[PDB]
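Okay, so here's just one chain, in structure tokens, the form deposited without the named molecule.
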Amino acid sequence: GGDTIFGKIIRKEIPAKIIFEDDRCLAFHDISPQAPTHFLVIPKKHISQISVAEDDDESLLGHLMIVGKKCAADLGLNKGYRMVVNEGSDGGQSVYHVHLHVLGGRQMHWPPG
């Protein structure tokens, strides 16, 4: 889904350290990790940014969190983690294809950036 490097990964055109996959999303380790465990859960549907997600995409967005929570458990993150969604410039969004970050394996700090 899409014209970003994330679309290419979804189409298996380029490799990724794929963690989990179903009919509507894909989870894989972040190529530039900011913690001992740092992964991403993305919808196969190309939604460029969270700000343009439709009301109808509600449960799908919720599914990215459920999948993230499940993957977190199976990667051994028993002491906690942080989920992050970045939007546009001030938010530091690196790829215009909606993605949920999950970071753990270390004490995350405050503020969150």
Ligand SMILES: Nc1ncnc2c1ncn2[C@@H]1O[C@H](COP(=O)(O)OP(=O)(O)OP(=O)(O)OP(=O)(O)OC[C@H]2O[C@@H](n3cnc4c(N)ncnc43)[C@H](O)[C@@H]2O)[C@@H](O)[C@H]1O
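All residue numbers refer to positions in the sequence shown, first residue = 1.
There is also a form solved in complex with the named molecule; it is not shown, and the following applies to it.
If I take 3+ ligand atoms inside 2.4 Å of backbone or C-beta atoms as the clash criterion, is the pocket here open or blocked once the named molecule is superimposed from its pose in the entry with it bound? After C-alpha superposition the pocket is blocked.
Does the 4.5 Å heavy atom contact test between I10 and the named molecule in the entry with it bound come out positive? Residue-level check for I10: no, no contact with the named molecule.
Heavy atoms within 4.5 Å of the named molecule in the entry with it bound: does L40 have any? So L40 counts as contacting the named molecule.
Does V95 reach the named molecule in the entry with it bound if we count a contact as any heavy atom within 4.5 Å? Because a heavy atom of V95 falls inside 4.5 Å of the named molecule in the entry with it bound, the answer is yes.
Consider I31 of the chain shown here, and say whether it contacts the named molecule in the entry with it bound, taking contact as heavy atoms within 4.5 Å. Yes, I31 lies within 4.5 Å of the named molecule in the entry with it bound.
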